[PDB]
Structures are given as C-alpha cells and as structure tokens.
C-alpha cells in the first residue's frame, strides 16, 4: 500500500521533446510513471482515469473542465506562427466551399480552430472528414488537409515547398484574425487525483516548470541531438523550439477565453466555461 508514482502523460511529438530532455536531465522522470502517445490518446487516457496528470489538447480540456485542474505557467502554444499546426491546401482557402478537407485524427483543437477560421473568417463550408494523418494520401482524395505534430512540421518545412503546396500556419491565421496568441494544449491533473494527493500534484507541477525552464536554456543542445534522428536539421529544430511558446499566464488565458467563447456553441461546451488553475500554497 506504499505510495505510487503519478501516472504522467507526455506528447511524443517534437514539440515536447525539449521538455522530455529537461525531465530526464533533472531526474524528474524517475518520479513519474510516464506514458508517451499522441495528444488525442493522452487526453482520452487522462479523462478516462488511466493517467493522473498529463497534457490535454485544449478543446478536450474545455469539454471536461469540471473534472480537470490546469497547471499554471506551462502550456503548448504560440504568439504568431506555431509551425506544427497547418492547413495544407492545393487551392486558395476561399475556394474550399463545398470542397473536401481531411482532418488529421490526432487533432482535436487545431481542427476546430481551422473550421472556425474557414467559416467565420474566410466564409467557406467544406465537406469535412477525419482520417489518419498522411499528407500524400490526403492530397490524393481531398483538396486540403489539417495536420499537427511532426507531420505538420514536415509539411511546412519540407513537403510543402517541394511540391508547391500552400501551407497556412494556424497560429498565424489566428494572430492575423485576432491579434492574440494561441494555446493548443495545457497540462492538467484529474480533479480527483489533485484532491487526493495535493502534494504530489504540486511537486509534479513544479518539476514540469523546472524541466521546461531547463529545456529553454539548453535548446541548442536539444536541437543538435535531435537533428541526428530527423529529416529536420539543427537550425530548423532550434527555430521550431524557440518559436513555440510554453508560457501560460494572463495573456495566454485571455486567448483561451476568447477561443472558447467563439467555438463553444459549435463544439459541445459552454461559451463561458470555467478554467480551474492549480493554486499554490500560501
């Protein structure tokens, strides 16, 4: 009946590879029982109780906000381009009305942001369908596709330029539309776990912040090492890691508030949903 390590999720994509570096170098990993997977699986596992703490794609957090406690000061976001959330299209976006648009199944938030932009900014109503993320296949059978993660970064930096495909950065489209930054995923504890183990939850939160901070300082070391295992080179990875925005304070919460209000009534949660933050000790 001894104390057991928290079950902690971790996004397998490159976006959170520097964070993984920090968790390893600080020794934090030895205080976790870590699960690596794609964002939609990690969100399903946390909501279903197979994890205690982990990253949650924003839309799924909002649909479950009464049962989750978000960690302050860490998130996966951007202020302008995010580079790894894109619309790849063979035509201008305003020509997508009634066209087929493939939505990568690993996404919940970026697909909704893309749908919001296309309808409310560009005024087109495509015929959406979900499918596994595969740019080559998606382009054969759809006129445009929404991708996240490594596949999106690959479409943005490699596939797009080679084949003359338009690649629209969803963070940039949102920044153009609203002037706001964007948050794609947060870290959260299950409410029942945070109330049963307040101290473990706090130490996990603080360890994430320290590991994140360390990864910011050693971004070039992380990029050099990771470049040996990717089609991206060191400069591209370092640019990607430094373009991503892992803050989660008042300006980022303002962005979440506005996004939630615009998509709630079309996504399945109240437009004024409450985001509960983990409170520090007095």
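Positions refer to the first chain, counted from 1.
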204 to 212 set against 118 to 126, stretch whose average Cα temperature factor tops the other in the entry: 118 to 126
Selected stretch [higher average CA B-factor]: 158 to 166 or 74 to 82: 158 to 166
Per the PDB entry, maximal CA B factor within 137, 185, 152, 173: 137
So if I compare the CA B-factors in the entry for 31, 60, 254, 245, which one is the largest? 254
Which third, lowest, middle or highest, does the CA B-factor of residue 13 fall in along this chain? middle
Ranked C-alpha temperature factor of residue 190 among modelled chain residues, by third: lowest
Which third of the chain does residue 199 land in by C-alpha B-factor: lowest, middle or highest? middle
C-alpha B factor of residue 101, ranked within the chain: lowest, middle or highest third? highest
Residue 64, C-alpha B-factor rank within chain (lowest, middle or highest third): highest
